[PDB]
Amino acid sequence: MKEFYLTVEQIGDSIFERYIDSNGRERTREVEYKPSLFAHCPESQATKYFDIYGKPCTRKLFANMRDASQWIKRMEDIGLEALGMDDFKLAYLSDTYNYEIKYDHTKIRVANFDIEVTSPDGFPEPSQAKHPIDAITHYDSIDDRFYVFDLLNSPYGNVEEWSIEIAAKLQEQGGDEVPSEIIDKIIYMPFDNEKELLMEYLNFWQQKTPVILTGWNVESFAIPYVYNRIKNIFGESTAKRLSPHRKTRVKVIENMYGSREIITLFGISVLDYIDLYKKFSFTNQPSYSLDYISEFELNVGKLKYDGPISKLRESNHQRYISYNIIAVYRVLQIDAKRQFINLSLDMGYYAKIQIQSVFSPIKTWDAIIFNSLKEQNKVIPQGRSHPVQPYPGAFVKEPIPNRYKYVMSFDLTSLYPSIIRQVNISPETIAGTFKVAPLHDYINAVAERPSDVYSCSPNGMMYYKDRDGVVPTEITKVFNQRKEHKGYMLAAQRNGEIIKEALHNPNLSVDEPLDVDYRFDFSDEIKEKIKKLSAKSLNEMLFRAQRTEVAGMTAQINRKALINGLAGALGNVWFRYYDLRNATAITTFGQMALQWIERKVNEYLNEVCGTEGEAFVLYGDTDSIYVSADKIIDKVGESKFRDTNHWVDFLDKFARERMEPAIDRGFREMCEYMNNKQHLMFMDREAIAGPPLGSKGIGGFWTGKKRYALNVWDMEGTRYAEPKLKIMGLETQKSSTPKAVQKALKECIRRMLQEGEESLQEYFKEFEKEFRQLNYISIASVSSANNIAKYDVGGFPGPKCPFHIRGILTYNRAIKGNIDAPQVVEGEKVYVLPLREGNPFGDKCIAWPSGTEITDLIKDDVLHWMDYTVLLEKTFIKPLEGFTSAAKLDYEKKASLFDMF
DNA sequence: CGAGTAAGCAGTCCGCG
DNA sequence: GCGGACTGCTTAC
Ligand SMILES: Nc1ccn([C@H]2C[C@H](O)[C@@H](COP(=O)(O)OP(=O)(O)OP(=O)(O)O)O2)c(=O)n1
Ligand SMILES: [Ca+2]
Ligand SMILES: [Ca+2]
Ligand SMILES: [Ca+2]
Ligand SMILES: [Ca+2]
Ligand SMILES: [Ca+2]
């Protein structure tokens, strides 16, 4: 096999590399890598090295990396550009792996671990590590084993061994329900004392040294805790055995309001799963506890126990250990679903970076572009200092708030990357500038043509047309990967819909799910067999289809995020290729494109309808248009349609055969107007939306910018078995909105769009009547909580104190003195409830950590004093009044003359 | 900690004769 | 009471 790196580090004048050799074995090596850097040189000096602008460079070969670094410093002191890859390990990878890397994930040791630490005096601070580590479960991907290290004797209690037999039994048998599929994969090791547990752990770790190290909050808790506890017991040298090169660094993570410490283990790639999830999931959750995320992703129930965690080991060590093992398995289950580890490896090996660098799009793109340029003997510029400056972004159309019955939406495929490629925007392709006219003048095609030579953006920038820039070249490569995966995602989605249809008629038989590739549209043969399958088999297929879709979603959306990140990286001062001219070339062209095509679409439809001055485009944001199709439907007449799917087809056909060619001609003209390199503005139909045929549903509504809802029948070519709501921006979509309120507001919207005013009034009346029975957590608002100290004045609210922060201060007073009550963590999320006038808490709200039950110390009082009236008005009635007045609808029945009867 | 900007709503403070 | 100036948070793209 071809060799691939596992990890790479610079330590002084050495590169330390762990790698898989040509025989599939793991090796480590120290290499005295001699880096090269570059300086500009005279034209008369023969070279093969050129900077990205075609200026000649001399290569400087250094005796060692320290010399290269010292040279960089002296080049600053002189005031001359020191060119080349200053991150020498990236240059090492580029030299050592001068090919497209094919990696074999079965050779990569992926470790998932979780530790337990009993603490009577509150949260066990990792930087102190003053309490014994009493459980470690460490799953190894190569062995496919859960290694359990269980402490039986502690200052906080002596316990009996954990029992695999009880662990396996049902909760209803008094067991822990550790999933049977992992029971045989558990290797249980009890220890008499913590010293021997830790010593054995380190020996195990040497034998099976993680390459990828993950788990839940491992970087902020488990790793620094284990490191510091071993440091405190045995000394630093022993603790540094967690690094295969025996090198570690305390790393200080700073943000706006404070800083925290992590432990960098040289020669390991830590990908904390909580951070993978935050970057890659495209969710915003009310809580990031593993219990909360597991329930959301996997539909598994919360891990249940009596009393606080601080007493669980002594009261129920059996459950304590089982829940430790289950917690490690839950992260593996999430990854089997989301496949974020697979994604990180793909992207990291593609870019040729330390895998953990996938968290930084700047670092990822710096390496991709470096490797691209190096291939052609080109030399990258030195990174420079830039002051942070604001710059303009997208255009968003102000919609007229209203109901909108029939809507067809369109938007650009990979808008910003397509702009980059079309215009040929790149550091080295800048050809110059032209005199800019007001944007409105380009939008209406009255401005002078910018250039007859170069490819232009309406911000004044001109680019070469003879050759593709490195940015368009590299962005195109990832875009193409994105498109392949999106194809698989969309096929799986359509396949899912076929299964749902077939579920309306399940067969009474015993059979199997069909062995199929859900990434490809089902053939007629498969479709036939599906119509003969049982509900059990169908549901299993649907589950598999949806997992396939999830896998496709992860691969496509995060590749989309990568290329979109390049567009934004051009507007970050830390990026090697920061340039506001290019960042704004993209965004300004985007604004033109939208408004240009709005004008074209209006012109086209006014034409087909024999009208003048009518607005058919009702809204748009960045790269999208929403087109009113009422007039198109009305031209055939609702009476001519057999059912909803009939007019959906008709609109689908109209969009495909009339709208899209019209849209395409409009953009081709714009491309010529701007003299662009290649026409790449492809604005495909997204959604077809309307009420069910013959209903009183209103179909859709807008309340304002970034606030709308649509009843959609077909999304990007997926024809749904049941209509699906596309809701954007509204309260149903905000993690801040109480869970039960999100649900009620969604059902209010479904009724509005699908059934009409009377159905909405019927539901509202019931919700208003019954909501006081809703569980307190389900009706609590949610907020991130920053600057709790800033607004704390003797435990009371200082001036301008935010409502949620006030709730926390109330909580803090109510639990004061308790070393045991859960603390609110600065920067994390809280539930918030309003309190009735004259409550014992002495303020108008209380807040506590989200994803948790409020401590029993105060729970009864909170429940008794919860202000349901304020809660209802603020979270439910106010947003609903906003939806209904926008939609010209009443959520309560108004009096009429009929009431005389 | 980790690419970008646009823009919505909640809440505080306070004006508005 | 409502809105503007401002802070805080959250979402659409
Ligand atoms: N998370 C996001 C979403 C969008 N955008 C910017 C870049 C996108 O290109 C543009 C349009 O947003 P879309 O959500 O429509 O994304 P794309 O057009 O890139 O992809 P798709 O092909 O799925 O429409 O807005 C961004 O910077 N970051
Ligand atoms: Ca735990
Ligand atoms: Ca788009
Ligand atoms: Ca599309
Ligand atoms: Ca059937
Ligand atoms: Ca869009």
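Naming convention: chains lettered A, B, ... in sequence-line order (proteins, then strands); numbering from 1 in each chain. Computed from heavy atoms alone, side chains included, the values below leave out hydrogens, waters and symmetry copies.
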In this structure, how many angstroms lie between the [atom2] atom of [N] and the [atom1] atom of [X], rounded?
X: A:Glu826; N: C:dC9; atom1: CD; atom2: P; answer: 9 Å
X: A:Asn217; N: B:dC1; atom1: CG; atom2: P; answer: 12 Å
X: A:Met256; N: C:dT7; atom1: CE; atom2: P; answer: 12 Å
X: A:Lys874; N: B:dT12; atom1: NZ; atom2: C1'; answer: 12 Å
X: A:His386; N: B:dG4; atom1: NE2; atom2: P; answer: 14 Å
X: A:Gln733; N: B:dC9; atom1: CD; atom2: P; answer: 15 Å
X: A:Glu219; N: B:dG2; atom1: CD; atom2: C1'; answer: 11 Å
X: A:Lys844; N: B:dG11; atom1: NZ; atom2: P; answer: 8 Å

Taking the minimum atom-to-atom distance to the side chain of [X], which one of [options] wins?
X: A:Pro392; options: C:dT10, B:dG2, B:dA6; value: B:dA6
X: A:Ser735; options: C:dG8, C:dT10, B:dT5; value: C:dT10
X: A:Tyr391; options: C:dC9, B:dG2, B:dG4; value: B:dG4
X: A:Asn572; options: B:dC13, B:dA3, B:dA6; value: B:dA3
X: A:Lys705; options: B:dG8, B:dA3, B:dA6; value: B:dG8
X: A:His804; options: C:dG8, B:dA3, B:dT5; value: C:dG8
X: A:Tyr791; options: C:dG8, B:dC1, C:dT10; value: C:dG8
X: A:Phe803; options: B:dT12, B:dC1, B:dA3; value: B:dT12
X: A:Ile362; options: B:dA3, C:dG8, C:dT10; value: B:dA3
X: A:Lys734; options: B:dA3, B:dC13, B:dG8; value: B:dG8

Within less than 4.0 Å of OP1 or OP2 of [N], is there a side-chain N or O belonging to [X]?
X: A:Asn786; N: C:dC9; value: yes
X: A:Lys706; N: B:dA7; value: no
X: A:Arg707; N: C:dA12; value: no
X: A:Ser784; N: C:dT10; value: yes
X: A:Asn255; N: B:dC1; value: yes
X: A:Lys878; N: B:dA10; value: yes
X: A:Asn564; N: B:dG4; value: no

Legend entry - C:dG8 versus B:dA3 - spacing of their P atoms, nearest Å: 24 Å

Inset, instruction - Please look at the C1'-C2'-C3'-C4' dihedral of B:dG4 and say whether its sugar is north or south. - result: north

Legend entry - Sub-4.5 Å side-chain heavy-atom contact between A:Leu562 and A:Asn564: no

Legend entry - Minimum side-chain heavy-atom gap A:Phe771-A:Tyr868 below 4.5 Å: yes

Legend entry - Ring centroid separation A:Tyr776 to A:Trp848 under 6.0 Å: yes

Inset, instruction - Answer with yes or no whether A:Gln356 presents, from its side chain, a donor or acceptor under 3.5 Å of a partner atom in the base of B:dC1. - result: no

Legend entry - NZ or CZ of A:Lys279 within 45° of A:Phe359 ring axis and under 6.0 Å: no

Inset, instruction - Taking A:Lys844 for its side chain and A:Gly807 for its backbone only, find out whether a donor-acceptor pair lies under 3.5 Å. - result: no

Inset, instruction - Examine distances only and state if a side-chain atom of A:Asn839 and a backbone atom of A:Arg836 form a donor-acceptor pair shorter than 3.5 Å. - result: yes

Legend entry - Most 5' of A:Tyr257 and A:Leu730 on DNA chain C, judged by nearest nucleotide: A:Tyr257

Legend entry - Pair A:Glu686-A:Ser409, side-chain donor/acceptor within less than 3.5 Å: yes

Inset, instruction - Pick base, sugar-phosphate or nothing for A:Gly393, based on heavy-atom distances below 4.0 Å to the nucleic acid. - result: sugar-phosphate

Inset, instruction - Mind checking A:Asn284 for me? I need base, sugar-phosphate or nothing, with any heavy atom below 4.0 Å counting as a touch. - result: sugar-phosphate

Inset, instruction - Measure from the ring centre of A:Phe359 to the centre of the six-membered ring in the base of B:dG2, then say whether that distance is under 5.5 Å and the planes meet at under 30°. - result: yes

Legend entry - Residue whose closest nucleotide on DNA chain B lies nearer the 5' end, A:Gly571 versus A:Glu731: A:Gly571

